[PDB]
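K.L.:
Sharing a structure, written as structure tokens. Questions coming.
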Amino acid sequence: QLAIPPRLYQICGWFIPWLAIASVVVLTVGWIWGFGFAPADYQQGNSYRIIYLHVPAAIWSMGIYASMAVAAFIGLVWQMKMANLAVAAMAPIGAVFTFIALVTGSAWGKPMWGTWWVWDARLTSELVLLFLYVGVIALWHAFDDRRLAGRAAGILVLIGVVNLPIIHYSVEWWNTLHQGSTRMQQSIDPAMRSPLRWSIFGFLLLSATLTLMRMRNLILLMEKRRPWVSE
Amino acid sequence: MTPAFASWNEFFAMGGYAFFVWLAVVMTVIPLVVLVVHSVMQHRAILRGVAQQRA
Amino acid sequence: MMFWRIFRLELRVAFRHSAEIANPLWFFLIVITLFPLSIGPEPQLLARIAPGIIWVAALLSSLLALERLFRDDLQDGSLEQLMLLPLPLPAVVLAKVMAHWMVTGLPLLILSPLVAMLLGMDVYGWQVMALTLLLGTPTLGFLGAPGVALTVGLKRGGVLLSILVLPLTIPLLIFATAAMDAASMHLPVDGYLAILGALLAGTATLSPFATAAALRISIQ
Amino acid sequence: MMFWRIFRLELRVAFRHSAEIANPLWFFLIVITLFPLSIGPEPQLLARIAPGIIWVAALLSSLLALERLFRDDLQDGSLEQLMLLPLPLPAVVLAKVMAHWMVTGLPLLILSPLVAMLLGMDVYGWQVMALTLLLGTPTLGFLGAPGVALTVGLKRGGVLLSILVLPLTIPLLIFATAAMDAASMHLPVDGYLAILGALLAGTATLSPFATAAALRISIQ
Amino acid sequence: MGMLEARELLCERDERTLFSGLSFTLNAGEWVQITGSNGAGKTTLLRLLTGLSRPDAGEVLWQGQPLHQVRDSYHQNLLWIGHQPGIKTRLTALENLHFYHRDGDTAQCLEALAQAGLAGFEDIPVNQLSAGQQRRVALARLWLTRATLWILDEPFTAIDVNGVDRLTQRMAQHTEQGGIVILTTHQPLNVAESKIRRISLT
Amino acid sequence: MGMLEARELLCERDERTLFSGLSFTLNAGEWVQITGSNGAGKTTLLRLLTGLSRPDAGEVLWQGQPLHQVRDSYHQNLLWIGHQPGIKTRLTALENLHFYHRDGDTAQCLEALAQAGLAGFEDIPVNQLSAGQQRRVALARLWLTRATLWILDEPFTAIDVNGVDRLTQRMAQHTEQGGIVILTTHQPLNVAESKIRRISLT
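This is the structure in structure tokens:
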């Protein structure tokens, strides 16, 4: 069942088309059954719509990083070199998602805050997550010899998963210490959640496409000195 | 059959916060396009490097 | 091949590595003397800004000191611990990092009355930063140990270490600055110390294993 | 010959192959966000301390790159760049230090809009900020280059504490850090900026000869 | 039932296959030299054997168990000396050997250092000595330890001819009694070749 | 009248006088080797004749003029290769050659490097390359340069016998057109000693 040869490149080659042709048909519904079919709120007017471009960029902002631990847990105790490269494969995807989440938060703040940047927990947490992401990126693109950068990235991401809840849980309390209140109440509107679910599933489907496509790239970058690549 | 807006870009794309929403959507679409184009161009470049290595 | 033998050897070799073991202390001194003129002398303003600046200075001093934790022995003496010394490698990491705190954290702690007198904090203020530095700097050492264990392999850098370590130390900074801010109006502060002790125990319970694993990574 | 190809040499060393220039950028972001966490999200206080932090971070990154200017070259290539290249040795130095700014000044100028909004400065506090980090960062490299010579023999740290380069940088810092005070209280910098260009004119014509003499004596 | 073996060891540096399916068994009192032609440093195989580096394929078995299961009693029966001396070059020669000596110190270390040839160079910092005498400090550990399995990586690096016979007279007793010695040298052994087992990187 | 005429050179490195009163002149078409031991002023002598360092006493007189005075047309007709290759460790050979090549031809460098021996290694970074190949690329600037003054500091460091033969035969055609070359090597030259001048480092 699990005797993975260097067939993954051939394995995740039948998946990329079908996983990407469907990656837009579900996203073109989570963005068109929203952004023109979803009624807006009362306090923000026609601005309560960046949710689809921000919340999925924030839920999968950590959803990818939480999947990093599993990709590194299997690659450390079980000592599987291939799965370890997965940690190095979806890292840029997570970094881009975090940057998108920060940008959308800054854009959504402007109508109510009046300024671009105020330190908020739901936003500084994503900032520091970007910071761990860029740290991982710098670590992996530092070792000249492969099969070691992946292992170092795995141990680093394990430490990061260990310390992430502590950091976040200190963050919301630090926010409460100075400011002392909440900005937006946890209200989603009953006829506003299904478009959010569709957008979540669309972003998940696109993230899988990007990570598989980059996995196809990373296998060749480390197995370029074998007769297998004779094709 | 029926939209939440009323009309064309005089009603669409202008809800009083149009600049913020459109800046957000463009600054979300750009990084995804950059990611996909970088990945595919690197995929082609690896095969190009393998081919040029054959010398 | 004993735990205390390791500590004594590390201290003995630490003294002969002078002209760089006091460099973090000198950087601390120069930055803490630079900041009052960086922003200007205003009593209330300097009092408000001191708790943050002294901790960022301590963070930078620890970052500078951490570069020599495993750099010096890499080409000669980072070995002879893995193949020998039947004591587990996590114990070796514990010895090395606690000796590092002895040579770096303690000299940072000893001039705190001078810093307090220079910046005007009262005896209560002297007590508060003394206690937070006593319980803080070891956590800095344990958190930076995995980072240096990873980055010695690159052997050409140093900013790497900074990016690897600094975002991991955010809660310590938050809680320490909050504790000092609680000491300005002289309200009792004991709750912020319990959380600092808890994170000290947590980082002394798991980091040595992680740093031992990181050394196993870097050696290969 | 063709100082342009030498300049392209350092650019291809840094930009094309060793994608390291992003590293000090993310570190400077680390430093930028490190202070508000220690002080708080309290906005207007950050509107006054900001020049000090940004300038100390800039000088820190610059002094970090001063090591890569010379010391990474001394072991293998430092005499061929002097023995060959029949154009005068000062002109050879310019290109190299002209890379330094391209490694340290340009990224800061590019990201300045991002930093000026994180800390919370108004647009007028950025237009004047653009024309002080571009008029001051190269000058720092110009007066930091001559003292490098052989100040650190083989060790990474040591005399980079203050040696001689840093004391001459402080009279630069007294200007910039005091210029933005006029930005804080909203009056044109004018004269306080008019001398900064004179500082560049006085260090872009004499400092190269100082570098040439220092390296010539050092290799002797 | 014997000690350390090899199980289809294989390592790759991503450009060349140093060795494929190496397998060798060592019982007590055997003298071994790594003789395989240098494609890279032979040090890689020795490090895989000592356990610092994880083999790319296969595993190394000690006394019937791998090196990651038992990692405390095996290091007592181990002694690795590589190209790097492994001595802190800031202290005196006496201090460095004191750390690696279990008990009865200051009464056997100085005698071993003297017989090593550095007589009169005991109370002197290592950094002040010659490179040919710095390696002597590392080699002086041979007469103090009780390790049963010696792994020497390039032992005759800068040693003079007067010491090579003493070295290949103490290991000439160690391997006779119970020792397991693994050399890797380009100069030949003045001792008779009929006793050493040469194995090549295959 | 006459090229480099370093007169009464003096050096006092550390606590020893490496050489005293070395007043030797160099004529046209002169190919010479420096005879000495491992520890003498072999590297200092070359760095003193190139003007990189200054002698304790005496001076180096190029073309009848001090080296430090003109210092303009002497850089364009000199080729000095030291123990270190002088090549950036991250750039590949080919662009380093275009930099060192004084026309930026991008084509002549191809045959120059092919004659060196690295046929097919025009785009691999030098760090990824072997050690001896680094010195081979460094010394490969002999079929491109037309400088009639070559200072070769240990050219035959770790290169093969065939490489030695090709470099030596390439060295031969330089001596008669306008070439004047000085070597400092421990490997005896295979060519006849009749065309070799030898300077003893007294």
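Chains as they are written, first to last, in the authors' numbering: chain C, 7 to 237; chain D, 1 to 55; chain F, 1 to 220; chain B, 1 to 220; chain E, -1 to 200; chain A, -1 to 200.
Where a beta carbon is used, it is the ideal one built from N, C-alpha and C, also for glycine.
(1) By how many angstroms is the C-alpha of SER218(F) removed from the C-alpha of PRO208(F)?
(2) Taking contact to mean at least 3 C-beta pairs separated by less than 8 Å, is the stretch 177 to 186 of chain B in contact with the stretch 43 to 61 of chain B?
(3) Run down chain C in chain order and give the residues with a C-beta less than 9 Å from the C-beta of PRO24(B).
(4) Output, in chain order, the set of chain F residues within a Cβ distance shorter than 8 Å of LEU34(B).
(5) Using the DSSP secondary-structure output, state which residues sit across from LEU8(E) in a beta bridge.
(6) Can you check DSSP and say which residues form a bridge with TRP148(A)?
(7) Between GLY0(A) and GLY62(A), what straight-line distance do the alpha-carbon atoms span, to the nearest angstrom?
(8) Contact criterion: CB-CB distance below 8 Å. Does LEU44(A) meet it with respect to chain B?
(9) Against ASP163(E), what residues of chain C qualify as contacts under a CB-to-CB distance less than 7 Å, listed in chain order?
(10) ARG88(A) and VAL148(B) - do their beta-carbons sit closer together than 8 Å?
(11) What is the residue span of the beta strand (DSSP E) that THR33(A) lies within?
(12) For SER198(A), which three-state DSSP category applies?
(13) Can a CB atom of chain B be found closer than 8 Å to the CB of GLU20(F)?
(14) Show which residues of chain C have a CB atom less than 8 Å away from the CB atom of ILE217(F).
(15) Along the stretch 110 to 129 of chain C, where does the CB come closer than 8 Å to a CB of chain D? Name the residues.
(16) Please go through the same chain and pick out, in chain order, the residues whose beta-carbon is closer than 7 Å to the beta-carbon of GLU178(C), but skip the five residues on each side of it.
(17) I'd like to know whether the C-beta of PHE11(D) is nearer than 8 Å to at least one C-beta of chain C.
(18) Between the stretch 82 to 100 of chain F and chain E, which residues of the former have a C-beta closer than 9 Å to a C-beta of the latter?
(19) Excluding the 5 residues flanking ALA57(B) on each side, which residues of the same chain have their C-beta closer than 6 Å to its C-beta?
(20) Please state whether the Cβ-Cβ distance between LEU108(E) and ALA55(E) is less than 8 Å.
(21) Measure the C-alpha to C-alpha separation of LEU11(F) and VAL103(F) and round it to an integer number of angstroms.
(22) Look at the alpha carbon of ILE85(E) and the alpha carbon of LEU142(E), and state the distance between them as a whole number of angstroms.
(23) Tell me which residue opens and which closes the alpha helix (DSSP H) that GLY19(E) is part of.
(24) Going by beta-carbon coordinates alone, are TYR139(C) and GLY81(C) separated by less than 8 Å?
(25) Please state whether DSSP places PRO153(E) in a helix, a strand or coil.
(26) On the DSSP letters alone, give me the boundaries of the alpha helix (DSSP H) that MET121(F) sits inside.
(27) State yes or no: is the beta carbon of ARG232(C) nearer than 8 Å to at least one beta carbon in chain E?
(28) When DSSP labels each residue in this structure, what does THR23(E) get in the three-state scheme?
(29) Roughly how many angstroms lie between the CA atoms of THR205(F) and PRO138(F), to the nearest whole one?
(30) If you run the structure through DSSP and keep just helix, strand and coil, what is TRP60(E)?
(31) Whole angstroms is fine: what's the gap from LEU200(F)'s alpha carbon to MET83(F)'s?
(32) Step through the CB atoms of chain F and report whether any lies within less than 8 Å of the CB of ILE70(C).
(33) With 16 as the cutoff for other CB atoms within 10 Å, does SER35(A) come out buried or exposed?
(34) Determine the DSSP secondary structure at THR182(C), reduced to helix, strand or coil.
(35) Measure the CB-CB distance between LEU77(E) and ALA91(E) and report whether it falls below 8 Å.
(36) To the nearest angstrom, how far is the alpha carbon of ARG5(B) from that of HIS96(A)?
P.N.:
In short:
(1) Rounded to whole angstroms, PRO208(F) to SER218(F) spans 15 Å at the Cα level.
(2) In short, these stretches touch, since the Cβ pair count reaches three.
(3) Per Cβ cutoff of 9 Å: no residues; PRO24(B) is ~11 Å from chain C at best.
(4) Simply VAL56, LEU59, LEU166, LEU173.
(5) Looking at the DSSP assignment, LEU8(E) forms a beta bridge with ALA55(E).
(6) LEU77(A), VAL179(A), per the DSSP bridge assignment.
(7) Approximately 6 Å, taken between the alpha carbons.
(8) Chain B, which has no Cβ nearer than 8 Å to the Cβ of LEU44(A), makes this no.
(9) In chain order: nothing, as chain C lies at least about 41 Å away.
(10) No; because the gap between Cβ atoms is not below 8 Å, this pair is not in contact.
(11) Run containing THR33(A): 29 to 33, per the beta strand (DSSP E) assignment.
(12) Three-state result, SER198(A): strand.
(13) Closer than 8 Å to some Cβ of chain B, the Cβ of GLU20(F) qualifies, so yes.
(14) Here the neighbours are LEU154, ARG157, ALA158, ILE161.
(15) So the list reads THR110, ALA113, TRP114, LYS116, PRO117, given in the order they occur along the chain.
(16) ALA127.
(17) No, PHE11(D) lies away from the interface with chain C (no Cβ there is under 8 Å from its Cβ).
(18) Here the close residues are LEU82, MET83, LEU84, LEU85, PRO86, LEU87, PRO88, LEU89.
(19) Sequence-distant partners of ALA57(B) (beyond 5 residues in either direction) whose C-beta falls short of 6 Å from its own C-beta, in its chain, are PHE28, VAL31.
(20) Contact: no.
(21) About 7 Å.
(22) Taking the straight line joining both Cα atoms gives about 15 Å.
(23) Careful: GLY19(E) lies outside any alpha helix (DSSP H), inside the beta strand (DSSP E) at 15 to 20.
(24) No, they are not a contact pair.
(25) Note: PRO153(E) maps to coil in three-state DSSP.
(26) Bounds of any alpha helix (DSSP H) do not take in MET121(F), whose DSSP letter is neither H nor E.
(27) Closer than 8 Å: no.
(28) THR23(E) falls in the coil class under three-state DSSP.
(29) Taking the Cα positions, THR205(F) is about 12 Å away from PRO138(F).
(30) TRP60(E) sits in a strand when the DSSP states are folded into three classes.
(31) Straight through space, the alpha carbons of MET83(F) and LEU200(F) are spaced by roughly 30 Å.
(32) Chain F contact via Cβ: absent.
(33) By the neighbour-count rule (16 or more Cβ atoms within 10 Å), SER35(A) is not buried but exposed.
(34) Helix.
(35) Not closer than 8 Å, so no.
(36) Rounded to the nearest angstrom, the two C-alpha atoms are 10 Å apart.
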